[PDB]
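Q: would you be able to build a 3D model of this:
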Amino acid sequence: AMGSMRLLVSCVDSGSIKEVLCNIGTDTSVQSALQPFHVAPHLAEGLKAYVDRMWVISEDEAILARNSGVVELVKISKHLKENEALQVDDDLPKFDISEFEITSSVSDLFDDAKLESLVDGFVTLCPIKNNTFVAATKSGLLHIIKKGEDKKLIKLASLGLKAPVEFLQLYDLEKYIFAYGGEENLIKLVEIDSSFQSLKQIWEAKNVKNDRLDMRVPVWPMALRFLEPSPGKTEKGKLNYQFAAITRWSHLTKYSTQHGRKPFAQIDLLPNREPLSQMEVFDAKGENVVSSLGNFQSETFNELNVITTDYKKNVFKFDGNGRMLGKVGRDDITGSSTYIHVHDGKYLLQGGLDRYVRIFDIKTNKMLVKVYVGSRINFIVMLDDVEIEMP
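A: Residues are numbered from 1 along each chain as shown. Below you will find the coordinate block:
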């Protein structure tokens, strides 16, 4: 029934990826708990070039976007870990570990100067959906990159967008459509034409009205997830996209395009515009309620819950009304939680400045995995392809 899981972890400090094999109940900080079966680093390219985003294509292949400005295609191989003898002068179970080789890459994908009008990095590396990929930047580039018939990467296109970009979420709940936004850069919907040779802007949000002291409410959306389209009777001459976003001034803002370009709610999640980043849909019983790009598979905001993080040490759960549901890992997380991801509905992947990779059960809120990796963490994928061979 219970076979070890396989984590790949972006290790910022040494610009590398670690594979970690471990069961549930693993805690490196408690010597009597299960320890990991295996932990090794791979592909260390240094701090200058740390991994910004990963995507795993399959057991055999993944694609990496790095802060050197470089997207790499990575072949993953497996072999059984041989169980060797300690003292030298038998046949027991074995597990799959990985070897990672870069087969091909693409370069010079940042524009540092385009930001001076602070420094570039990737904020999306998604499939467009199946061998074509989006890799977008803060400088406001949207590169389209394909795995060619020859198995090498080629750049189909580099489309301009308004800088700076915090995120670039593709719509995939039913035309290539995506949202994007950033500091003082209003959420825009964009249609890219199926040849990938151009894009058109189709929607731009409007700011909310001024506040009680008649002062402008600043704009900084940080992350966004689509809901399904508004049900029933709809105006012609207007789009029908629904989406919610978290801002860097502690907003949960909700949008329908049917309603209009202003959000129909911009709720303050926390006091004093406490800065936030990231946004993960989840259902409180651990149900998988999202598309493969994390968009919420529902047509009302009412059933929406999100997980976001502040820049201190906390990981907050909120409902679609801004009502706090609780913190995750309040006793264990001591550093800014740089990466969270809800995996298959029921697990929260977490890692940040405190150098521990963690896995929480969304439903019980229990810590299932704690593994110290000695490095700040900015990404994790969980795999569940472990082979066990018995003798």
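Q: what is the longest strand of this structure by residue count?
A: When every strand of the chain is counted residue by residue (DSSP state E), the longest turns out to be strand 94-106.
Q: all helices for the stretch 51-200 of the chain, in order.
A: 112-116 (DSSP state H, counting those that start in this stretch).
Q: hmm, residue 94 is touching residue 79, no?
A: No: the pair residue 94 / residue 79 is not scored as a contact, 9.4 Å apart, by CB atoms under 8 Å. From N, CA and C alone the C-beta is placed, and that goes for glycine too.
Q: so what's the spatially closest residue to residue 128 that is not a sequence neighbour up against?
A: What sits nearest to residue 128 in space, not counting adjacent residues and going by CB to CB, 6 or more residues apart in numbering, is residue 134, at 5.5 Å. Residue 134 is in contact with 124, 125, 126, 127, 128, 142, 143, 144, 145, 168, 170, 178, counting by CB atoms under 8 Å, 6 or more residues apart in numbering.
Q: biggest separation within the residues you listed, which pair?
A: Farthest pair in those (CB to CB) is 145 and 178. Separation: 15.6 Å.
Q: what are the bridge partners for the residue nearest to residue 128, then?
A: Beta-bridge pairing for residue 134 (DSSP bridges): residue 126, residue 144.
Q: show me which positions of the longest strand of the chain end up buried.
A: 94, 95, 96, 97, 98, 100, 104, 105, 106 (16 or more other CB atoms under 10 Å).
Q: how much space separates the residue nearest to the third one when sequence neighbours are not counted from residue 274?
A: So that's residue 96. Nearest non-adjacent residue to residue 96, counting by CB to CB, 6+ apart: residue 387, 4.1 Å away. Distance, residue 387 to residue 274, using CB to CB, to the nearest Å: 45 Å.
Q: partners of the longest strand of the chain in the sheet?
A: Its sheet considered, strand 94-106 pairs with strand 70-80 (antiparallel), strand 388-389 (antiparallel) by DSSP bridges.
Q: if you compare those, which one is most tucked away?
A: Comparing the strands paired with strand 94-106 by mean neighbour count (mean count of other CB atoms under 10 Å), strand 70-80 comes out on top with a mean of 18.
Q: format the CA atom coordinates belonging to that strand as PDB.
A: Output of strand 70-80 as PDB, limited to C-alpha atoms (Å, rounded to 0.1, in the frame of the first residue of the first chain):
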ATOM      1  CA  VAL A  70      18.300  29.700 -20.000                       C
ATOM      2  CA  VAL A  71      15.700  27.000 -20.600                       C
ATOM      3  CA  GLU A  72      17.100  23.500 -20.500                       C
ATOM      4  CA  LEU A  73      15.600  20.200 -21.600                       C
ATOM      5  CA  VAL A  74      16.500  17.500 -19.200                       C
ATOM      6  CA  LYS A  75      16.400  13.700 -19.800                       C
ATOM      7  CA  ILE A  76      15.800  11.800 -16.600                       C
ATOM      8  CA  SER A  77      17.100   8.200 -16.300                       C
ATOM      9  CA  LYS A  78      16.400   5.700 -13.600                       C
ATOM     10  CA  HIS A  79      18.500   3.000 -12.000                       C
ATOM     11  CA  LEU A  80      18.000   0.700  -9.000                       C
END
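Q: could I get the contacts of residue 134 as a markdown table with neighbour count?
A: Shown next, in a markdown table, are the contacts of residue 134 (neighbours: other CB atoms under 10 Å):
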| residue | neighbour count |
| --- | --- |
| 124 | 23 |
| 125 | 21 |
| 126 | 19 |
| 127 | 16 |
| 128 | 18 |
| 142 | 22 |
| 143 | 22 |
| 144 | 22 |
| 145 | 25 |
| 168 | 25 |
| 170 | 22 |
| 178 | 26 |
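Q: which one of these is nearest to residue 8?
A: Nearest to residue 8, judged by CB to CB, of the contacts of residue 134 is residue 125 at 13.9 Å.
Q: find the nearest non-adjacent residue to that closest one, please.
A: Of all residues not flanking residue 125 in the chain, residue 53 sits nearest, at 3.9 Å (CB to CB, 6+ apart).
Q: next up, the contacts around the one you found.
A: Applying CB under 8 Å, 6+ apart, the residues near residue 53 are 64, 65, 122, 123, 124, 125, 135, 379.
Q: returning to what we had before: I'd like to know how far the residue nearest to residue 128 sits from residue 101.
A: Residue 134 is 24 Å from residue 101, where distance means CB to CB.
Q: phi, psi of residue 18?
A: Per-residue torsions, residue 18: phi -110, psi 140 (degrees, to the nearest 10).
Q: for it, name its beta-bridge partners.
A: Going by DSSP bridges, residue 18 forms beta bridges with residue 9, residue 41.
Q: what's the spacing between it and residue 39?
A: 6 Å.
Q: got it, and residue 165?
A: In this view, residue 165 and residue 39 are 34 Å apart by CB to CB.
Q: ok, now which ones touch the spatially most central residue of the chain?
A: Geometric centre of the chain, nearest residue: residue 341, 6.0 Å, by CA atoms, centre = their mean. Residue 341 sits next to 280, 348, 349, 380, 381 when contact means CB under 8 Å, 6+ apart.
Q: quick one: neighbours of the fourth one, just the number.
A: Residues lying near residue 380 (other CB atoms under 10 Å) number 23.
Q: is it fair to say it lies in a helix?
A: No: counting by DSSP: H, G, I helix; E, B strand; the rest coil, residue 380 is not part of a helix but strand.
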